[PDB]
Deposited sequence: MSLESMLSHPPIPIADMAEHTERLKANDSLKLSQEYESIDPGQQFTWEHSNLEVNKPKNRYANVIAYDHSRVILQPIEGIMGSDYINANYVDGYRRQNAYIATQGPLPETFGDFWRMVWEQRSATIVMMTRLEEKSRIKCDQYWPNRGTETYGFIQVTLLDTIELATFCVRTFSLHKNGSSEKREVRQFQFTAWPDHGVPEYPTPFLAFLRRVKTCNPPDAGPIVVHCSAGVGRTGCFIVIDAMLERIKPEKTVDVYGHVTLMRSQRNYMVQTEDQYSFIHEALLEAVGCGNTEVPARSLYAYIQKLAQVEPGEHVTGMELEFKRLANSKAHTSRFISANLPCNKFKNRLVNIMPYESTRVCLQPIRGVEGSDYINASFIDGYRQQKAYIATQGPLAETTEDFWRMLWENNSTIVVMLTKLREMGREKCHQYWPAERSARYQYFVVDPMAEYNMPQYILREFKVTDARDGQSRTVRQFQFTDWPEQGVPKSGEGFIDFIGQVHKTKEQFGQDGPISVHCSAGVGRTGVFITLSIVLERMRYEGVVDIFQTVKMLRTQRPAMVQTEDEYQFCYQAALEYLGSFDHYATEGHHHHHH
């Protein structure tokens, strides 16, 4: 091997391009050639008493690598669980790959966790996906529950936009011992196929690796069958460990090895492709996550021009941050700027209007927040020609808070159309918008509107927050006003008591819009976690809408505002 030698990280981009070329022909040929080249046995999985313990009859545990439980006296088959030890990079049996527990195997699952001295569970699935059960809930809603011989107590839950973290205490009956186990549940794998970008998964993996302790047993990894998504987690983790001392990758070799340990590991070509995509992105990024106590020092470092270099660390970091419906000729007039378009997968689709066509289109994108998916809509400043679409977007998407980050005119040019009424009520197609109040605060204006669907008479209140103190050139000297603004907007979402997204726009809906969303997320994360990763926040945003946080100065301001917020 020979045929499939290791890939130096320098050659990873070219290798992955080679594989992906001609509709992934070489990827398919490589993937299909994977063969451990030995005969296994699976007698335990197939025992009549064990068949009901297998979520999928066709996904079994090889005898030589299966995880063996201590038998329960008088109970045949009680040593069995559908789980296998799986190797990492220079880490033997580093993981246990297992299926999503069934109700009948909850006790078995927790007994495995106990007996194997595991501290970490990685769950690579939601419980239900597209109305199909992928895994049954093997953990308590709250407090303690008994699963066979093991008492499991939920101590804490953190629920975020793309993952949950649950902390448990374990106690075996008649034991002195108490053990802590953390479950990391990734919730952002799509219903069909693989993730479009690796960014959410890599953030998840980073979380797992921080909170998995030293002197612990294998990390328990599961999805539904415990082979596909479980396989991807394991090979990505292993290869990222490999690169630390070695700076080469061997995905082919590692999957081949894993296939001698559990059937089907990395179950599809698209999963095999996703692994390469994740590793490519991972090597292009570094570590940009910093605890609150080192933020000032990190900023100080970024502010320096290093010997050899001609720009600051802050500028280098920013530089590293390097569709169809928006392109339709009937929609081109609906874009403020031809180079700023929403991605197809995250675009805000409108209800089509019978005789129109293209009426499903608005230049706007769904953007996840810290706690919830689709927390924001990032959109351009409305044109006269898209104003009716804008109001309809708010209604259909239950957005009743609008954040405007530009003056109507800056530098003697029009930045946004005045899409709202002031002197009297106006009808925008289906919607009657009545102006109710206008509050002029030092750094912003708050406008309040009653909006009525003239089709059925249903009515809503919309609040618009227009920040007026962003300098027409550059960025605010102090983050104080903007941090207060973010706070005001979000207290309104709470008040309130908003469920739908906050719609955010500037002119093109990427620059200041990117800053508003980055800081909304970052400042809350700092308050609740005491860490900051500006770079990965912006990277994430750019998987949902292009160009988010448009300039180096906008990027630096995120750090500045984060620093000031900490000072408070």
{"property": "Ranges of the deposited sequence (numbered from 1) for which no C-alpha atom is modelled", "result": "1 to 5, 328 to 335, 582 to 595"}
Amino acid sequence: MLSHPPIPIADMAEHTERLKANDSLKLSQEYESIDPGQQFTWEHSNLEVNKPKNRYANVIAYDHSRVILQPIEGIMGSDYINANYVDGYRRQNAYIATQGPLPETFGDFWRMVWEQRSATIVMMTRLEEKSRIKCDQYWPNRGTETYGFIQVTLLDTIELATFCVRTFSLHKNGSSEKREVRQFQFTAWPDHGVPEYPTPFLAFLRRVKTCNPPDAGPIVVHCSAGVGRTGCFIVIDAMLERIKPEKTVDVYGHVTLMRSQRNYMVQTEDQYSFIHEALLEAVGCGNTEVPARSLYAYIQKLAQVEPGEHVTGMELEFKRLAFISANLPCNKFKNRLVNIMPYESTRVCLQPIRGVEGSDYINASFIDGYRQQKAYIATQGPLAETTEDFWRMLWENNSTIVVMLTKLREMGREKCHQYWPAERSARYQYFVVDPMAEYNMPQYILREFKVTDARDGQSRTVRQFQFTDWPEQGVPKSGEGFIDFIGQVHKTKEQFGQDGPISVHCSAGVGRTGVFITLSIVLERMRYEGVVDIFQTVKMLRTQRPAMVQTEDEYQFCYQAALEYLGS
From here on, numbers count along this sequence of modelled residues.
| item | value |
| --- | --- |
| Greater mean Cα temperature factor according to the PDB record, 229 to 237 or 358 to 366 | 358 to 366 |
| Mean Cα B-factor comparison, 413 to 421 or 324 to 332, giving the higher one as deposited | 324 to 332 |
| Most elevated Cα B-factor in the entry, residues 293, 407, 142, 134 | 293 |
| Selection by C-alpha B-factor (highest) of 117, 207, 111, 427 | 427 |
| For residue 224, the third of its chain into which the C-alpha B factor falls | lowest |
| B-factor third for the C-alpha atom of residue 501 within its chain | middle |
| Modelled-residue ranking by C-alpha temperature factor, third containing residue 509 | middle |
| Residue 308 CA temperature factor, ranked by third within the chain | highest |
| Third of the chain's Cα B-factor distribution that residue 41 belongs to, per the entry | lowest |
